[PDB]
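Each chain is listed here by its residues.
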Amino acid sequence: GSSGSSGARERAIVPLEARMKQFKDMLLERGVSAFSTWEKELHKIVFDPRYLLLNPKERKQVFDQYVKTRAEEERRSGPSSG
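Residues numbered from 1 in each chain as written, not as in the entry; some residues may be left out. Heavy atoms only, no water.

Per the deposited record, the coordinates in this entry were obtained by solution NMR.

**Overview of the environment of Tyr66**
As for its position among the elements, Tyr66 is in helix 3 (residues 56–72). The exposure class assigned to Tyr66 is buried, which follows from its relative accessible area of 7%. (Helix = DSSP H or I, 4+ residues; strand = E, 2+ residues; numbered from the N terminus. Buried < 20%, exposed > 50% of the residue type's maximum accessible area, 1.4 Å probe, protein only.)

**Things to note about the pattern of salt bridges**
Taken as a whole and judged by the stated rule, the model has 4 salt bridges. Here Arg50 ties to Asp25 by a salt bridge, and the two come within 3.7 Å at their closest N and O atoms. In this pair, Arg50 sits in the loop between helix 2 (38–46) and helix 3 while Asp25 sits in helix 1 (residues 16–29), placing the two residues 25 residues apart along the sequence. Accessibility expressed as a relative area gives 42% for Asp25, which makes it partly exposed. The partner of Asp64 in a salt bridge is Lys60, and the shortest N-O contact between them spans 3.8 Å. Of this pair, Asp64 and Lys60 are both found in helix 3, 4 residues apart, which corresponds to roughly one turn of the helix. What you see here is one network of salt bridges that share partners, running through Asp25, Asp48 and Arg50. (Salt bridge = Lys/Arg side-chain N within 4 Å of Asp/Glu carboxyl O.)

Here's what the structure looks like:
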């Protein structure tokens, strides 16, 4: 689908939600452990092209928050469903 440009704020520059979505996608997909260091995960996504789509500072920011939520999720009983 994805028919009809939602409303790209820019002309030829993907929106924040767009680029941000990409990075987050690989972050979870690649399997970026939460209880790990930015160094390890970094190299794990360093050879990735999408990694050059977002700023250097953001990458870390979005990563930190992503890990926080990934860790807290534990508090919950679990993904188990009856």
